[PDB]
Amino acid sequence: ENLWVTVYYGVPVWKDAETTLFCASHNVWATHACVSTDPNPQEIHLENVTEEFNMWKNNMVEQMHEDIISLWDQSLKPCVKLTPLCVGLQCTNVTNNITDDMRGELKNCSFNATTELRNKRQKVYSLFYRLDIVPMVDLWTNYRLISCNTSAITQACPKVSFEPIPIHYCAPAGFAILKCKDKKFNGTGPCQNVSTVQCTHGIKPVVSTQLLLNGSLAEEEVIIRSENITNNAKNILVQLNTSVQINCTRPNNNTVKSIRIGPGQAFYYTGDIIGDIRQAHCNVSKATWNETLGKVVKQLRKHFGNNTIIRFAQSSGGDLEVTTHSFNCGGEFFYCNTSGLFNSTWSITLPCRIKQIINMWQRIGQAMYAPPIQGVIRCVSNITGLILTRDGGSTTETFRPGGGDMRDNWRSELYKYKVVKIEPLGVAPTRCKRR
Amino acid sequence: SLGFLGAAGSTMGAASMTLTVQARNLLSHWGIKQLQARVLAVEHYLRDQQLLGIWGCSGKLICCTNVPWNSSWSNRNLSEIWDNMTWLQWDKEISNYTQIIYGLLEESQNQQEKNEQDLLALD
Amino acid sequence: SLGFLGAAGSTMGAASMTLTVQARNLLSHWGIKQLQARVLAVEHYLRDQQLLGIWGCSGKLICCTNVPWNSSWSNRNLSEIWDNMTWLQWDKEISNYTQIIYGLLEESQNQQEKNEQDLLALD
Amino acid sequence: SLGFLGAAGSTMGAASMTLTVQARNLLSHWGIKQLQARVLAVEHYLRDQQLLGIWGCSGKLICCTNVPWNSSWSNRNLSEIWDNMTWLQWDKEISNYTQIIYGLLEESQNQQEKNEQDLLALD
Amino acid sequence: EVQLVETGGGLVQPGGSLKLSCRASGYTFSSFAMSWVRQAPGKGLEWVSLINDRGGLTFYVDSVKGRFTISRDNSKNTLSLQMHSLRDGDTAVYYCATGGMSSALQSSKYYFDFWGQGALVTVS
C-alpha cells in the first residue's frame, strides 16, 4: 500500500518499571516528608485493558518498607538515649493485689540514676515488666535491662504518636499507577477491570503480626493469596470480606512519673498502679470468629481438596515478636496469645503481655524504649486479614499463625497496584508522507 | 474527553485523537527522593523531545516522515492496525524493530536537512 | 534594550517587541533548596514550552492561530488594546477566560494536525 | 558512525554529517552531587535549545538565517573553512565575535517574526 | 444496502443560487469521504467537488472553486452543496457519491464507491 512511518507522541502505552515514589498525606509519618494530597480522586477506568499483576514482585512493597523503616529511625534519632540507665536494678515483687496470671510478670525495681548534674545521683523506683529485665548477679542488685547487653536503648520522644495514618504513595509525572478493580482478585495474573490512578487510596502503616489490623476488606468473599500455595515455606495472606472486631485493653490505671537524667534529658517510667493489677487482654467475639474461620476453610478447600480436613493450631515457637500477635495500642506494645483463636478442626479472651523495650524489626543493634502511657488503654480495631503458614506435614492440612516479615503486612495492601512507565512515543504505518 | 490513558484500550485510530489528553501529564533525606523523581521526569521528557527534534518532528504530535514501511516490521494492513488493534498490542508487535525504525528516521532527517540547505543555497 | 522588564509599563504594542529580553531570562542541606529552585524553574519553563507545542506554536515568540476572538472575552477594539493598555492590565482583564482560550487553542491544533495529515495522504 | 566525537579532528564539512551523533549524547553528599550534575546538564541543554528557538531554528540541527556574514569576523573563503579546517580551529577563531553574531541572529529573527505576523494579517 | 438520495431543487435563473442536500443511509456516514459529480444532459460525467470524512477539507474544480460550497453534517448524516452564481453551463444532473478520498489511516480509494439517484439542476 506504499505505507510510510508516522511518529506519534502521546501514545497511550506503558511498560513495567521500577521508579522512586513519593509520599503524600507529632507523628512518625507525614511530618514534613510527605506532599499535601490532591483531594481530587482522579481515577480513570481503562475499558478493555487487561494488565498482568504480580503482588510478590511489586517494588512498591520494598519502597514502603524502606520508607517506614527510614521514617521510624528519623523519628527516634533526635530523642533521649537511656544509656545512663544501664545499671543494675534491685527488684522485688509488686506489693499491690496481683491476680493469678500476673504473678512475677511485673516487678518493683529501684536504681541509682543520674540527674541534671553530672556529680549527683538520685534513687528512682519504677515498675518494669519481667520481659524488659533479665537476672544479673551483683552487689545490691538483682536485674538489668534486657537490651543493655546488645545495644543502646533510645527512649521514644514523648508526644510523638505511633498511631498509623494513611499514606498515599504517588508516582512522578511520566509514570502512572494502575489499579486492579477486580472482585475476588487472585493477586497475580491478568486483571481485566484495570484503571489508572495518580496514586493509592491512602494505606495505613499498621504494624502487626499474625492478624492484619485496620486494613482493607475483600469486596465479596475471603481471598486466599500465596506466591506458591503448594510450597509450605511461603506465607498465605487471607483477606476477609467482613471485619472481625477485636477489643484490646490494659485495664490498669498507671501513674506515670518522670526524672531528668542529664541536661535537657527526660526519662519516663511507671510510678505506680491505681487499682488492682490485671493481665492485658483482647476480646474476639466467638460467633464472629467461628464464622470467619468457616469461610477461611471453605476457601482453602478449593486449593487443598473439597474433602480434606483443615486444622488450625497455634504458633510453632520462637521469639515472642513472631509467636504472638504483636500490635500497637494507645502507644503501648501488646503481645497477645492467639492460641485461643487457632485451635480447631474442620467471647474468646486472649491474654496479652506488655513489653516496653522492643526491637521493631528482626535487625539487631538498635532498641527503643516505649514510654508508659498514663491511665487505662482500650482499643477497638478491625481484623481485616490473617497471615497463615501451612504445616510442612498424608492428609489433614494444619495451618498456624504466620510470622512478622512485615512485607506481608504491606502486601495485604498494595496488591492491587502496579507502577508503569509511560512511553509517549510510538510509530505506525500510515499513508501520510512529507511533501 | 476520557482522561489520561483513557484511550489505552481503544483502537489505534480512536486513540490517535487523544494525544494531547496525556501529553500534558508527562511534566505534571526525603527531599532527595522527590527531587530525583522530578529530575528523572524531566530527563525522560527531554530525551523524547530531543529524539523528535532529531527526526524533524519538533513541535508536532502526529509527524509524517519519508521512511517507507518495509512490510517486515509488521505485514498487517491499515484496516487491522488502525481499526482492530490497540496501541499496547502494536507496541508489543513491533518492539523488536523500534531501534531500527528510529535509526532510519534519524538518517532520513540527516539527508533532508542537507537537501534543504542545498535548495536554500540556490539563488 | 530597556531591560528585563523595562517594557512592563509600556503599551502592549511596544512591549511585544521585547519578547526575547524576557525569554532569555527565564532559565538563568542548602543544596536541596538550591536544587529545588532550579528544578522548579526548569519545570515551569518546560510546562510553557509543552503548552506552546500542543498549540502548534513551538519555536515561536509571536504565534498566530486560527481561533477566532470572542467578543465576550474582551469587547475592546484592537486599537484600544494595543495602543492604550499595558500587558498587566490585559492579563487581569482576560484572566477569567485564559483557560477557555487555552482549551480552544488545543482543539484547533488537534483539528489542524489531522487535516495536515489528510492533505499529506493525497497522492 | 565515527563515535561521539569521532569527527572532532575531521574537516568542518565532514563533521557536519555527524550532528546527530553529538546531539543525542547531550542528555545521557552523593545525592546532591548527582542532582547538581543532572540539573546543570539539563540547564545547558535548555539554554541552547532556547537560544535556537529565539533565532527561529527550533527543531533543526542545521539552520540557515538572513544574517549576512561580515568579512571582519573571518575573511577566509569556503575552501578554507569547510575543507582544510576543523571545527575546533574555527571555534578558536570565532570567539571574540560569537556574541555579536548571536545578537544579530536574535534581531534578525525578531524582524522575521514581525514580518510574518504582518503578512499573515493580510486578508 | 447503501442509499444516497438527493432532495435538492430544480430551475433557478442565471446569477441565483441553489442548495442541494443528499440523505445518506446504510453505512457509517462519518467513515467515508463524499463528493458531488455532475453530468450535463448530453455529456459524460464531470467531477465537481470533494469533501473529506470529517468535513474539514474541501476541494473543487477550478470552474466552480469560487462559486460552490460543499459541507457535511455528520450528526444528521447529510451532505449539502450550496451553488452560488449559477451559470447556463451548470445545467446537469448532480449525483451524490460516497468515496474519492481516505483519511490517512484508511486504505486508499481515489474512486467512488456509491452513487445516488441524482438531482436534475437546470438554469434558465
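General observations
Each chain carries a letter (A, B, C, D and E) given by its place in the written order, and its residues are counted from 1.
In the analysis below, a residue touches a chain if its C-beta (ideal position, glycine included) is under 8 Å from a C-beta of that chain, and two chains touch if they have at least 3 such contacts.
Within the contact network of the assembly, the step distance from chain A to chain E comes to 1.
Chains making contact with chain B as well as with chain C: A, D, E.
Touching chain C and chain E at once are the following chains: A, B. Set against the Cα centre of chain C, the chain with the most distant centre is A. At the centre of the protein atoms shown, by the Cα-centroid criterion, sits B.
Of the two chain pairs examined here, A-B and A-C, the one linked by more C-beta pairs in contact is A-B.
Averaging Cα coordinates per chain places chain D and chain E 52 Å apart. Centre-to-centre spacing of chain B and chain E amounts to 37 Å, using the average Cα coordinate of each chain. Distance between chain centres (mean CA atoms), chain A to chain D: 58 Å. Separating the CA-averaged centres of chain B and chain D is a span of 25 Å.
Residue positions 29, 32, 35, 39, 42, 46, 58-59, 114, 117-118, 120-121 of chain C are each in touch with at least two other chains. Residues of chain A found to touch two or more other chains are 1, 6, 430-435. The set of chain E residues touching two or more other chains comprises 102, 104-108. Chain pairs that touch one another are A-B, A-C, A-E, B-C, B-D, B-E, C-D, C-E.
Across the complex, chain D is touched by residues 29, 32, 35-36, 39, 42-43, 46-47, 50-54, 56-59, 106, 109-110, 113-114, 116-117, 120 of chain B. On the chain B side of its complex with chain C, the touching residues are 17, 19-20, 23-24, 26-29, 31-32, 35, 38-39, 42, 45-46, 58-62, 64. On the side of chain A, the complex with chain B involves touching residues 1-14, 19-23, 32-35, 42, 44-49, 172-176, 196, 422-435.
Contacts from chain E toward chain B in the complex involve residues 105-107. For chain A in complex with chain E, the touching residues are 1, 430-432.
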